Structures are given as C-alpha cells and as structure tokens.
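Undergrad: I have a structure here, written as structure tokens, and I will follow up with some questions on it.
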Amino acid sequence: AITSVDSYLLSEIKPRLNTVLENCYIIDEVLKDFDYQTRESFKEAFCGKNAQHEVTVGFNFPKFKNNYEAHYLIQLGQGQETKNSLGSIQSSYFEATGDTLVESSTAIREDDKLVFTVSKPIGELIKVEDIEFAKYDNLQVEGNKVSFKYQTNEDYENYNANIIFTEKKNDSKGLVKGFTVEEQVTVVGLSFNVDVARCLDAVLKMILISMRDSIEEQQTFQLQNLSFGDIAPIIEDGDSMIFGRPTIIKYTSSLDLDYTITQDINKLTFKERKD
Amino acid sequence: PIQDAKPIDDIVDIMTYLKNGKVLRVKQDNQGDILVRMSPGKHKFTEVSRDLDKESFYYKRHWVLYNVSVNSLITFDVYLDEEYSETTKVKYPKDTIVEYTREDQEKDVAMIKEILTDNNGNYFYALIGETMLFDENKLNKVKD
Amino acid sequence: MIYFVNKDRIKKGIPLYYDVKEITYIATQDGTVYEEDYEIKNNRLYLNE
Amino acid sequence: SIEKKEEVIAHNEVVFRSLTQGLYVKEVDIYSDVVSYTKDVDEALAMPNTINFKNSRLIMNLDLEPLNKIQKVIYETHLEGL
Amino acid sequence: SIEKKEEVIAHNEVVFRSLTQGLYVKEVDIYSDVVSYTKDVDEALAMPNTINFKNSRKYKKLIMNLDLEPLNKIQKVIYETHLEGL
Amino acid sequence: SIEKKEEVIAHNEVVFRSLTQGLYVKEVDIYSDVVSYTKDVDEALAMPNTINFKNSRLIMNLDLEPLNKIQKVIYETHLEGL
Amino acid sequence: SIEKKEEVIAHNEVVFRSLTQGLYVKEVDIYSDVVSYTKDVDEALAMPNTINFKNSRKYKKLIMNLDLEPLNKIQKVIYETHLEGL
Amino acid sequence: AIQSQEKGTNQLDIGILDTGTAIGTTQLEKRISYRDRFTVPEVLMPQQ
Amino acid sequence: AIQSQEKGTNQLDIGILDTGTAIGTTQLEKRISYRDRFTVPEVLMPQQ
Amino acid sequence: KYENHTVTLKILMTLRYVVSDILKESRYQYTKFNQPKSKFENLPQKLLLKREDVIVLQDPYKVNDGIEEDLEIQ
C-alpha cells in the first residue's frame, strides 16, 4: 500500500479548511494573538458562509492560473529510507484486510442478541465506544454485523454508538513486506498582501494539529516535524510581488506489499523406519 | 430489395429538416463521416459532431460550432441520421466502377446502381446505362 | 480560464480572476452552454443547478 | 432492478423545538434552558433517544416540544438492463 | 414522514454480460477478445463511466461484439431524515 | 547432426476442464468448485499428478474432465556441416 | 499428442575445424594464424554469429584458409506441451 | 507570414529533443491567444 | 555554399581537440536532416 | 518475419507550431480618410512560435467541400 502523502494532504485540507473558515468563533481563537486590524480584515474577507472571497488549494506547475489573492500550494519534496526490519517483514495476517473505518450504528433487537450493522464486512473489530464486553456477553462478529447477547443489557435496545472496524476482502492469509520511509513535503501560502499570508500560515498550523487526531494520521502518518522558512517574495516580475512563507512537513510511513501464502499444511502422517 | 439508403435530393428539404432540428449525416470522400445540426436556443447556428455512434449511457455526442458551406451540402450525400443503416453487405457498393461484358459478348465499363436480394442473401446488380441484372461473379471491379 | 463548480460556488457565484467585457465560448463536460442557463453580475458568474 | 441492499440506522436521538417560534434549540444555559435558537433541523441540540438518558435528565423548559429524530442511510446497487 | 432526502452516486461503470453463457467478462487478450469469464458482479471487468471518462476507446472491439450485453452499473447512497413527533 | 542432447521434465500435473464449455478452470470457490473459467491451456488451475495428492483431494464437481498435463523442455546442440 | 511447440535459440557462433588434423582452433597469433588446436567444441575458438555480428572482419585471413572448415554451431531449447487424457 | 524558422536541437541525458523557434506576422483584426496552434500542410519536415 | 569556415581548437586535460564551426547555404528543394554529413574532396586540411 | 528485430526509418512529417509568447501584440490606427467617420483597426501582431516535438497531435479534422478542384466551366 504505497502512500501518496500529497493526496492525503489535499483530502484532509479541503474539507477541514472550509469548515474552519465557515465559523467565526474558531477563527478568533486561532487569530487570538494577531492585532485587531489584520484579524478582522481577514475575517471580513474569507470568514463566514457568506464570504465572497474564497481560498483555493492546488499542486505545483498547473497550466491554468491560481487565485493569487489567497492560495495553498503543495509540492512533493524529498524522501528517504530510515529503518528496516529482518527479511523486510512488517506483519503477518490471516485475513486480507483493507482500510480501517469508523462507523456509527444503532443497536437492533434480535431474540437472543442486540446487533449493530455496518456498511461492509467487519473483519477485525477494534473497539465499540465505551463498551467492555464481558465473556457472558459473548461478543462475536458475523458478516457485516457485530452481536452481543441481550440479557442484563435490556435497557440498550436503542443504544447509539460509534464502531471502529476494518475492511475484510479475502480469507487468503499472507505476509507483509516493506520498510519505513521518512518523507518531506512542502506547503506554502501565497498572496500579494503579506498580512494575509501570515494569517493564512497560522490557520494552516491549527489544522495540522487537528490532523494529529485523525485516523489516517494516527495509524499511517506519524511523527510530525514542522519547519518554517522566511517570508520571501516569490515573484518580482509583475505589477506587485507575491509573498509566501514556505513550510516543510515530515512524515514516517510504511511502503508495504502483500505476499500471499498457499502452502497450508492440513495433513500430518508419521511413519516409522523399516529397520 | 433493401432500403438501407434514403438520400435527400433537395437542399430545401435539408434546411426544412434542419429547422425541425433533426440531426443529419453527411458523407465525405476518403474522410470520416460527419453529423450536422442546428443549435437550439436564442441564437441559431450550425453545429457539427465527429461522433457517429448512437447516444447512450456510455456515449455522449460532442457538438461544436462551424461555418459549414452549402457547397458540401448540395453536393455530398445527406441522410437522416436515425434512419441510416451503417452498411449494405454487398461485394460492389453503389457508384462502384466495374467491367462487364455486354449482350454481344463485348466488354464495357460501368458503375453500379441497384439493390435487390432474395431472402437468402443472393444479390443482383443493374449497371448504369443498362437494364438487366448482373451477378456478383459476372461483374469485375475496375482498379483505380 | 477554467473553474470547478461545487454546491457552494453555485449559489454564491463564481469569483472571476480577470475582468469581463464579453464572453466568447463556454463549455463543460456536457458540451457547450447557452445564454438561457448562465448569467454574470458584477464580474461574478452564476449558473443553474 | 436491485441486486443488493442494506439499511443501517446511524443515529437515534431526541431534539428540542420551541412551541412558539418553532425554532430548534442551538445552545442552552447551565441548566439546559435555552439561550440560542436555530432554524436548522439537523444542527439542533440533540441527545440519544434511550431510556437511561431520560432518567438522567423535556424536564427543564415549558416552551418545549421534545421531538424524536432518526437517521436512515441506505446502500444499494442496480443492474439496469439495456 | 420523510423530511430530507439526498441521493449520492458512489460509482458508475459498465459491465458486460454474455447473452448465451450469462457470465460476466473478467479478462481479455491483446486483441481485447475474451480470455476469461466470471459469475460475479464485484469481480467482473469494468469500464469507468464517470463523466470525465465517457466516449472511451479501449473497448471498441468489445462493444461492437453482438454476443455481449453491456450493462450500466451504478452504486448509490441515500440519506433519509425522519421526524416522529413526541 | 546431434552432438549432445538431454530431456528433463519440468512439471507433471493434473488440470481441470469443463465438459460442456470446454473452458479450463481459472479460479475456484471455498470447496474447489469453479467460479471462473478460462480458455488458456497453461494458465489453467493445475495440481501435481501424484498419488498422495489424490488421497488429499476430480472429487468435487460433475461438469469436470480431470486431465493430466506434462511439460517437456529439451536442450540440444548441432554441428551443421558445410 | 503434441499441443504446443516453441523453438528458441540460445547461441549461434561459428567454429572452424581443420580438414586434415580434425581438431578445432583455440588460439591465433598477431597475424591471426593458428597458435593452438583443441578437440573440444566447448573450448574451441568462436566467432559470434547472431544477427548484429554478421559480416565480420576479424577472421578474414582465417576464413580464406583452405585447410579450415567453418562450421555453424547452434544451441536450442524447445518446449513441448502434452495432454494425455484422463 | 513566418520568418527565421529554426530547428534548435538539444542533445541531453534523456535523449535528443527539438526546441525550434520561429517568428510570425499575422493579418489584421485577428486576436491570437497563448498556446494557440498552427499547422502548415504544404511544408514537410524530415525526421529519423 | 559555405561561409566562416573555422577551426576552433580547445587545449584540454584530455589533449587537444578540434571543434570547428561553419555556415552553409544550400540549393532549392533540398531537405537536410540532423547529423547529415558533407565532405569536400577538393579542399585539404593540414594536421600533425 | 521481423518478430525480433530493430527497425529504423526516415520519415517526412507536416510542420506545426504553437504560440509560446506574443511579441508586439497590439498595433493601432484611427483610419479616417475616405470614411463616413473614424474607424479603429488592429494592425498585425507578431508571434513567437515553438515547434511541437515533445507532444504531438494529429492534423485537425477540417470539414471538406464537395467542389472539385481545377474545375472547368462552360
């Protein structure tokens, strides 16, 4: 599962950034340090659902024009290998497993059990929110649903819960081969007005923090290391310069591959020496 | 007989069909077939599409403007697109030059204009400047 | 120029980079567009659903 | 036709609506009395529709229409013949 | 009482079924002629059919084949909100 | 003429072919019943042609022609006179 | 019953035999005249004769020599598939 | 009208590459756009 | 026709090397290709 | 016959250009002589072109006219 860090940044940034700019209360917390003049002018421009101006994000070397009033620019950056493992082995699995998901569900009333239903086959369960199923509950999984017994849990026919689970594909057990990669990626905000750039960079730092709690970040992209450059004129051949402070993001992740095993031993016969 | 082709003779009819908005199909010589159309809406102008296949859930026709000339319309063959049959499976199409032997066993060149068939697929040809029918074997294609 | 439409830009109206005097050609995946579906006010573009 | 379908209930919750204005509850005070109202049906203040929650505190205010709310999300596939 | 209904399309691709065999294609050769068949919609050969991919070229020799029956496969998610009084 | 030659048998295996379609087996289900068929002779599902394997499971399906398959690879050299 | 037959060429080179001695050349001098002989095809002097190397120059004075008998040596591998019923 | 038709060739690690340059003069009332395209059927160019 | 026949010589670590340059003017209807080759038997060049 | 071989060719191709930059873009004149009134006209632009070698597209599909070339009339 080769990880495209650049795609992950875009997937996380685009929704979360829109949400942050949507409300004003969060922005005030973010821009608490800045002076009144810069803070409100930025808020007057981009903040709120009724903002006429809008921010954009894209990758480098596009053949079209970007909104140079305010824009996030990304470029892939360097990559390095840091740590290996014996035989390049990472893990062994009895089931072909995909991504790890979080889903919300409501308990359903069966005869002997209360069951939750999920959009896909459960495979490996990880956690149901704030439930410590005892052995007498007899927690078990079946297809796309998870079940626990009804008795002495009868108040919970309407229980509303979140579920963390994995996507199951096949029963073909296999090994993992791969290593760890230390990758760096560059991000920069652009504007023809320096004050906007500083506000824009500060907004970015917050959502990077929020990404530390994300499922993908916690499981796949770990050990953030942020580095900020000096504010510089990106462009000078024009009616006015473009100013932007580049930032560098570092990640640790695994470049993994699945190796499938077919040599399943089932029979075992003992024969003594003829002598 | 087979009615795979229904060519339009009068350009006035073509314009009338265009006013009705029905799509046309215009043949070209040693070049791809084309479709023609009149634009909808306030402004009326001719549009063209290089997509021949039928509109479908997996296939959508692409239309663009063009300054089409009447000279192509008046000269080239034109058809209603939906009524057109893709091919007529015969050895020598219409307007194809062949060499044939006349009734007195003297050889002359001719071009073909006929479509007749039995219910088994046996085809016959009548030559320009001729009356009786000629078989697939009797005719011989004239090389360019 | 090229712009991408979303559920929000459709209501607000597209903010154009350049200015405008008149339009020449419009197209999308569905093909061209006609005057009955798009309008421009104060250098921003509105489109139907 | 339908080749495969499944229905799963994401949430079951109780929502509070004012009887006079009809605006739903957005924010509340120290004792869950309303301080802000909103027209949004979904952004409205909501709590799980479970018996234990009721015993754990509808109770607090009079201009109060305690409404139940349920969410259905459906996964389906079709094979549309030609 | 249905309050809000939203419909969303997850995937949209084309699947080909053989009229006689009734199987779905899974693989093709260099000439794009069938190499294999499968009786599973989830494993069948697919041509992407989102808006950007329309009017393809990779499967012309496949589509023209009369024995094959193209099928438009669509996957959807719909959200239905309810209110049930007191 | 031939100056040196040797024949070695790379593989000996049993392959499964459908009696009706004539397509060979490509993939199978949990109990080795067929799910996919392929025209390829060599890509076809195959297993070693050994007695122990037979006792370890031809057994499973009826539209089934269990065929034997053998591969010969030959190394040879020639001195072609003038 | 032979089902599929494929023929592959591993090497193709030229080996020279002396008509009288019957030995194969193994070495030559500055003038390309013979320095040594060997009675082993695997150790004999060789001129590459794959397609790119045809029409060489290195052994003109050798080829013209009447006492020498050029021989075209070719090494092959062939794959033969069989079916033997039930 | 066209002038100074030039076939500049760069020999590189990636291979050989052609970066030609030329100067054109147009008619009246024609507005050209960046990355427009022209093609001259009459003129033929050799390649290997 | 040929003009500005030049014998540019570079003295290097590898040795001495000749990088000459010249400009040619051709006849009508002749299309020349990159890395084509010309040779002038009449003209002789000295070397050591 | 040429299953495993290297084929080499010499070829002729049609000339093609694309616009990289516009030089001396707009030139103007208020033409008034022998006119009902003043008129504005755009004089020729100059274009800086580059050849298409790294990416190549086929020649455009031009709509043909049925008129026969070199036609004699009477």
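So you can find residues: chains in the structure tokens are A, B, ... in the order shown, residues in each start at 1, and ligands are numbered from 1 in order.
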Least-squares superpose chain H on chain I across all ordered C-alpha pairs, then write out what you get as a PDB file with N, CA and C atoms, in the first residue's frame.
TA:
```
ATOM      1  N   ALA H   1      27.160  26.303 -50.912  1.00  0.00           N
ATOM      2  CA  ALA H   1      27.921  27.468 -50.493  1.00  0.00           C
ATOM      3  C   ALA H   1      28.218  27.371 -49.005  1.00  0.00           C
ATOM      4  N   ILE H   2      29.411  27.816 -48.624  1.00  0.00           N
ATOM      5  CA  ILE H   2      29.898  27.697 -47.256  1.00  0.00           C
ATOM      6  C   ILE H   2      30.570  29.005 -46.869  1.00  0.00           C
ATOM      7  N   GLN H   3      30.426  29.381 -45.599  1.00  0.00           N
ATOM      8  CA  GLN H   3      30.966  30.629 -45.087  1.00  0.00           C
ATOM      9  C   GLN H   3      31.564  30.397 -43.709  1.00  0.00           C
ATOM     10  N   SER H   4      32.497  31.272 -43.338  1.00  0.00           N
ATOM     11  CA  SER H   4      33.033  31.335 -41.982  1.00  0.00           C
ATOM     12  C   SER H   4      33.586  29.991 -41.522  1.00  0.00           C
ATOM     13  N   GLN H   5      34.270  29.284 -42.415  1.00  0.00           N
ATOM     14  CA  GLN H   5      34.911  28.034 -42.038  1.00  0.00           C
ATOM     15  C   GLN H   5      35.941  28.295 -40.950  1.00  0.00           C
ATOM     16  N   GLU H   6      35.744  27.678 -39.789  1.00  0.00           N
ATOM     17  CA  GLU H   6      36.509  27.997 -38.592  1.00  0.00           C
ATOM     18  C   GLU H   6      37.049  26.715 -37.981  1.00  0.00           C
ATOM     19  N   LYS H   7      38.332  26.727 -37.620  1.00  0.00           N
ATOM     20  CA  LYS H   7      38.943  25.634 -36.864  1.00  0.00           C
ATOM     21  C   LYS H   7      39.179  26.093 -35.428  1.00  0.00           C
ATOM     22  N   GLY H   8      38.150  25.906 -34.608  1.00  0.00           N
ATOM     23  CA  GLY H   8      38.286  26.183 -33.189  1.00  0.00           C
ATOM     24  C   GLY H   8      38.949  25.013 -32.490  1.00  0.00           C
ATOM     25  N   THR H   9      40.026  25.295 -31.764  1.00  0.00           N
ATOM     26  CA  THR H   9      40.820  24.275 -31.098  1.00  0.00           C
ATOM     27  C   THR H   9      40.789  24.513 -29.599  1.00  0.00           C
ATOM     28  N   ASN H  10      40.517  23.453 -28.845  1.00  0.00           N
ATOM     29  CA  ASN H  10      40.471  23.500 -27.391  1.00  0.00           C
ATOM     30  C   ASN H  10      41.623  22.675 -26.840  1.00  0.00           C
ATOM     31  N   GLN H  11      42.430  23.288 -25.982  1.00  0.00           N
ATOM     32  CA  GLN H  11      43.513  22.599 -25.297  1.00  0.00           C
ATOM     33  C   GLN H  11      43.013  22.172 -23.926  1.00  0.00           C
ATOM     34  N   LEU H  12      43.025  20.864 -23.673  1.00  0.00           N
ATOM     35  CA  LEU H  12      42.332  20.292 -22.530  1.00  0.00           C
ATOM     36  C   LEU H  12      43.233  19.304 -21.810  1.00  0.00           C
ATOM     37  N   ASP H  13      42.753  18.846 -20.654  1.00  0.00           N
ATOM     38  CA  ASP H  13      43.441  17.790 -19.921  1.00  0.00           C
ATOM     39  C   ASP H  13      43.515  16.520 -20.756  1.00  0.00           C
ATOM     40  N   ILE H  14      42.416  16.184 -21.435  1.00  0.00           N
ATOM     41  CA  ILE H  14      42.381  15.019 -22.309  1.00  0.00           C
ATOM     42  C   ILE H  14      43.312  15.147 -23.502  1.00  0.00           C
ATOM     43  N   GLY H  15      43.726  16.369 -23.841  1.00  0.00           N
ATOM     44  CA  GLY H  15      44.550  16.625 -25.002  1.00  0.00           C
ATOM     45  C   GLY H  15      44.048  17.831 -25.774  1.00  0.00           C
ATOM     46  N   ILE H  16      44.470  17.923 -27.027  1.00  0.00           N
ATOM     47  CA  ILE H  16      43.977  18.952 -27.932  1.00  0.00           C
ATOM     48  C   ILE H  16      42.814  18.381 -28.722  1.00  0.00           C
ATOM     49  N   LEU H  17      41.836  19.227 -29.019  1.00  0.00           N
ATOM     50  CA  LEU H  17      40.643  18.785 -29.718  1.00  0.00           C
ATOM     51  C   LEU H  17      40.145  19.910 -30.606  1.00  0.00           C
ATOM     52  N   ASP H  18      39.610  19.535 -31.762  1.00  0.00           N
ATOM     53  CA  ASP H  18      39.142  20.488 -32.756  1.00  0.00           C
ATOM     54  C   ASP H  18      37.623  20.538 -32.719  1.00  0.00           C
ATOM     55  N   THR H  19      37.081  21.729 -32.487  1.00  0.00           N
ATOM     56  CA  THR H  19      35.648  21.989 -32.579  1.00  0.00           C
ATOM     57  C   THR H  19      35.450  23.150 -33.547  1.00  0.00           C
ATOM     58  N   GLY H  20      35.431  22.823 -34.830  1.00  0.00           N
ATOM     59  CA  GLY H  20      35.222  23.819 -35.853  1.00  0.00           C
ATOM     60  C   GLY H  20      33.748  24.094 -36.072  1.00  0.00           C
ATOM     61  N   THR H  21      33.469  25.266 -36.629  1.00  0.00           N
ATOM     62  CA  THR H  21      32.111  25.676 -36.940  1.00  0.00           C
ATOM     63  C   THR H  21      32.102  26.373 -38.290  1.00  0.00           C
ATOM     64  N   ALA H  22      31.006  26.205 -39.021  1.00  0.00           N
ATOM     65  CA  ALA H  22      30.874  26.796 -40.339  1.00  0.00           C
ATOM     66  C   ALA H  22      29.400  26.937 -40.670  1.00  0.00           C
ATOM     67  N   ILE H  23      29.113  27.783 -41.653  1.00  0.00           N
ATOM     68  CA  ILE H  23      27.752  28.097 -42.064  1.00  0.00           C
ATOM     69  C   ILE H  23      27.614  27.758 -43.539  1.00  0.00           C
ATOM     70  N   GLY H  24      26.543  27.050 -43.881  1.00  0.00           N
ATOM     71  CA  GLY H  24      26.311  26.593 -45.238  1.00  0.00           C
ATOM     72  C   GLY H  24      25.011  27.146 -45.790  1.00  0.00           C
ATOM     73  N   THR H  25      24.976  27.327 -47.107  1.00  0.00           N
ATOM     74  CA  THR H  25      23.773  27.725 -47.824  1.00  0.00           C
ATOM     75  C   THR H  25      23.575  26.763 -48.985  1.00  0.00           C
ATOM     76  N   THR H  26      22.370  26.218 -49.099  1.00  0.00           N
ATOM     77  CA  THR H  26      22.097  25.071 -49.951  1.00  0.00           C
ATOM     78  C   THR H  26      21.335  25.485 -51.204  1.00  0.00           C
ATOM     79  N   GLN H  27      20.932  24.480 -51.977  1.00  0.00           N
ATOM     80  CA  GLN H  27      20.119  24.689 -53.163  1.00  0.00           C
ATOM     81  C   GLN H  27      18.634  24.642 -52.807  1.00  0.00           C
ATOM     82  N   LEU H  28      17.801  24.796 -53.832  1.00  0.00           N
ATOM     83  CA  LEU H  28      16.362  24.727 -53.661  1.00  0.00           C
ATOM     84  C   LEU H  28      15.892  23.276 -53.637  1.00  0.00           C
ATOM     85  N   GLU H  29      14.766  23.053 -52.962  1.00  0.00           N
ATOM     86  CA  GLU H  29      14.049  21.781 -52.940  1.00  0.00           C
ATOM     87  C   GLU H  29      14.804  20.671 -52.224  1.00  0.00           C
ATOM     88  N   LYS H  30      15.866  20.994 -51.493  1.00  0.00           N
ATOM     89  CA  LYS H  30      16.634  20.003 -50.751  1.00  0.00           C
ATOM     90  C   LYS H  30      16.321  20.129 -49.267  1.00  0.00           C
ATOM     91  N   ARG H  31      15.924  19.017 -48.657  1.00  0.00           N
ATOM     92  CA  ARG H  31      15.604  18.956 -47.236  1.00  0.00           C
ATOM     93  C   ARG H  31      16.728  18.212 -46.531  1.00  0.00           C
ATOM     94  N   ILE H  32      17.370  18.884 -45.593  1.00  0.00           N
ATOM     95  CA  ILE H  32      18.507  18.337 -44.869  1.00  0.00           C
ATOM     96  C   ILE H  32      18.029  17.839 -43.516  1.00  0.00           C
ATOM     97  N   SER H  33      18.751  16.872 -42.963  1.00  0.00           N
ATOM     98  CA  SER H  33      18.388  16.233 -41.711  1.00  0.00           C
ATOM     99  C   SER H  33      19.493  16.409 -40.683  1.00  0.00           C
ATOM    100  N   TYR H  34      19.098  16.351 -39.416  1.00  0.00           N
ATOM    101  CA  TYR H  34      20.041  16.496 -38.320  1.00  0.00           C
ATOM    102  C   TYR H  34      21.096  15.402 -38.384  1.00  0.00           C
ATOM    103  N   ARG H  35      22.349  15.799 -38.194  1.00  0.00           N
ATOM    104  CA  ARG H  35      23.504  14.908 -38.256  1.00  0.00           C
ATOM    105  C   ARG H  35      23.688  14.289 -39.637  1.00  0.00           C
ATOM    106  N   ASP H  36      23.308  15.015 -40.687  1.00  0.00           N
ATOM    107  CA  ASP H  36      23.732  14.663 -42.035  1.00  0.00           C
ATOM    108  C   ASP H  36      25.220  14.959 -42.175  1.00  0.00           C
ATOM    109  N   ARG H  37      25.812  14.538 -43.290  1.00  0.00           N
ATOM    110  CA  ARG H  37      27.256  14.576 -43.458  1.00  0.00           C
ATOM    111  C   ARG H  37      27.622  15.081 -44.844  1.00  0.00           C
ATOM    112  N   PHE H  38      28.600  15.980 -44.886  1.00  0.00           N
ATOM    113  CA  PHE H  38      29.153  16.509 -46.122  1.00  0.00           C
ATOM    114  C   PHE H  38      30.661  16.321 -46.107  1.00  0.00           C
ATOM    115  N   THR H  39      31.242  16.181 -47.294  1.00  0.00           N
ATOM    116  CA  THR H  39      32.681  16.033 -47.445  1.00  0.00           C
ATOM    117  C   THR H  39      33.120  16.749 -48.712  1.00  0.00           C
ATOM    118  N   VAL H  40      34.228  17.476 -48.617  1.00  0.00           N
ATOM    119  CA  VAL H  40      34.725  18.307 -49.710  1.00  0.00           C
ATOM    120  C   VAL H  40      36.055  17.729 -50.182  1.00  0.00           C
ATOM    121  N   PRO H  41      36.067  16.891 -51.222  1.00  0.00           N
ATOM    122  CA  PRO H  41      37.335  16.276 -51.647  1.00  0.00           C
ATOM    123  C   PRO H  41      38.391  17.281 -52.065  1.00  0.00           C
ATOM    124  N   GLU H  42      37.985  18.379 -52.701  1.00  0.00           N
ATOM    125  CA  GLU H  42      38.909  19.341 -53.290  1.00  0.00           C
ATOM    126  C   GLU H  42      39.754  20.028 -52.228  1.00  0.00           C
ATOM    127  N   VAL H  43      39.161  20.318 -51.076  1.00  0.00           N
ATOM    128  CA  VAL H  43      39.831  21.072 -50.026  1.00  0.00           C
ATOM    129  C   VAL H  43      40.598  20.110 -49.133  1.00  0.00           C
ATOM    130  N   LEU H  44      41.835  20.472 -48.813  1.00  0.00           N
ATOM    131  CA  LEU H  44      42.705  19.684 -47.955  1.00  0.00           C
ATOM    132  C   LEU H  44      42.996  20.459 -46.680  1.00  0.00           C
ATOM    133  N   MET H  45      43.100  19.734 -45.569  1.00  0.00           N
ATOM    134  CA  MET H  45      43.339  20.318 -44.259  1.00  0.00           C
ATOM    135  C   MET H  45      44.613  19.737 -43.662  1.00  0.00           C
ATOM    136  N   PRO H  46      45.537  20.555 -43.164  1.00  0.00           N
ATOM    137  CA  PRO H  46      46.754  20.007 -42.570  1.00  0.00           C
ATOM    138  C   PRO H  46      46.567  19.622 -41.113  1.00  0.00           C
ATOM    139  N   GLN H  47      47.286  18.576 -40.717  1.00  0.00           N
ATOM    140  CA  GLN H  47      47.315  18.128 -39.334  1.00  0.00           C
ATOM    141  C   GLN H  47      48.698  17.587 -39.022  1.00  0.00           C
ATOM    142  N   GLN H  48      48.992  17.493 -37.731  1.00  0.00           N
ATOM    143  CA  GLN H  48      50.224  16.907 -37.232  1.00  0.00           C
ATOM    144  C   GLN H  48      49.888  15.869 -36.174  1.00  0.00           C
TER     145      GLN H  48
END
```
Undergrad: What residues in chain E lie within 9 Å of chain B, counting only C-alpha atoms, written as a list in words?
TA: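 Filtering chain E at 9 Å from chain B with only C-alpha atoms gives residues 13, 14, 49, 50, 53, 54, 55, 56 and 72 of chain E.
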Undergrad: Enumerate, as a PyMOL selection string, the complete set of residues in chain G that a backbone-based DSSP assignment places in strand (DSSP E).
TA: chain G and resi 2-18+24-28+34-38+47-48+68-83
Undergrad: Excluding same-chain residues fewer than 5 positions from residue 24 in chain E, what lies within 12 Å of it counting only C-alpha atoms, as a VMD selection string?
TA: (chain E and resid 14 to 19 34 to 46 67 to 71) or (chain F and resid 35 to 37)
Undergrad: At a cut-off of 9 Å, using only C-alpha atoms, what residues contact residue 6 in chain F? Leave out same-chain residues fewer than 3 positions from it and give the result as a PDB file with C-alpha atoms, in the first residue's frame.
TA:
```pdb
ATOM      1  CA  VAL F  73      11.949 -28.992 -22.206  1.00  0.00           C
ATOM      2  CA  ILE F  74      14.817 -30.220 -24.366  1.00  0.00           C
ATOM      3  CA  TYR F  75      18.403 -28.974 -24.597  1.00  0.00           C
ATOM      4  CA  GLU F  76      20.194 -29.835 -27.836  1.00  0.00           C
TER       5      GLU F  76
END
```
Undergrad: Do a neighbour search on range 63-71 of chain A at 7 Å with only C-alpha atoms, toss out local chain neighbours closer than 6 positions, and write the hits as a CSV table (one decimal) with N, CA and C atoms, in the first residue's frame.
TA:
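Listed below is the output, result.csv:
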```
chain,number,residue,atom,x,y,z
A,55,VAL,N,-10.7,30.8,-0.5
A,55,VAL,CA,-9.4,30.2,-0.6
A,55,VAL,C,-9.4,29.0,-1.5
A,56,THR,N,-8.2,28.8,-2.1
A,56,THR,CA,-8.1,27.6,-3.1
A,56,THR,C,-6.8,26.9,-2.7
A,57,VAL,N,-6.7,25.7,-3.2
A,57,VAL,CA,-5.5,24.8,-3.0
A,57,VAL,C,-5.3,24.0,-4.2
A,189,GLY,N,1.7,29.3,1.5
A,189,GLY,CA,0.6,30.2,1.2
A,189,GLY,C,1.1,31.3,0.4
A,190,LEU,N,0.2,31.8,-0.5
A,190,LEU,CA,0.6,32.8,-1.5
A,190,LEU,C,-0.4,34.0,-1.4
A,191,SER,N,0.1,35.2,-1.5
A,191,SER,CA,-0.7,36.4,-1.6
A,191,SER,C,0.1,37.6,-2.1
A,192,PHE,N,-0.6,38.6,-2.5
A,192,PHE,CA,0.1,39.9,-2.8
A,192,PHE,C,0.0,40.8,-1.7
C,1,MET,N,-9.7,30.5,-19.2
C,1,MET,CA,-9.7,30.2,-17.8
C,1,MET,C,-10.6,29.0,-17.6
C,17,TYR,N,-11.2,35.7,-11.8
C,17,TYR,CA,-9.9,36.3,-11.7
C,17,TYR,C,-9.8,37.6,-12.6
```
Undergrad: May I have the residues of chain A within 12 Å of chain F, counting only C-alpha atoms, written as an MDAnalysis selection string?
TA: chainID A and resid 170:172 265:269
Undergrad: What would the file look like if the residues just selected were written as an mmCIF file, in the first residue's frame with C-alpha atoms?
TA:
```
data_model
loop_
_atom_site.group_PDB
_atom_site.id
_atom_site.type_symbol
_atom_site.label_atom_id
_atom_site.label_comp_id
_atom_site.auth_asym_id
_atom_site.auth_seq_id
_atom_site.Cartn_x
_atom_site.Cartn_y
_atom_site.Cartn_z
ATOM 1 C CA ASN A 170 -10.405 -12.329 1.495
ATOM 2 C CA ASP A 171 -9.528 -15.232 3.763
ATOM 3 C CA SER A 172 -6.171 -15.587 1.963
ATOM 4 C CA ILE A 265 -0.438 -27.764 5.861
ATOM 5 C CA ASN A 266 -3.514 -29.768 6.871
ATOM 6 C CA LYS A 267 -2.367 -33.408 6.994
ATOM 7 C CA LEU A 268 0.389 -34.910 9.131
ATOM 8 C CA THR A 269 1.439 -38.555 8.828
#
```
Undergrad: Have a look at E:4, E:82, E:73, E:60 and name the one nearest to residue 81 in chain D; count only C-alpha atoms.
TA: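 Answer, going by the shortest atom-to-atom distance: E:73.
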Undergrad: To one decimal place, how far is CA of residue 98 in chain A from CA of residue 169 in chain A in Å?
TA: 7.0 Å
Undergrad: I need the chain C residues near chain A as a PyMOL selection string; criterion: at most 10 Å, counting only C-alpha atoms.
TA: chain C and resi 1-3+8-9+12-17+44
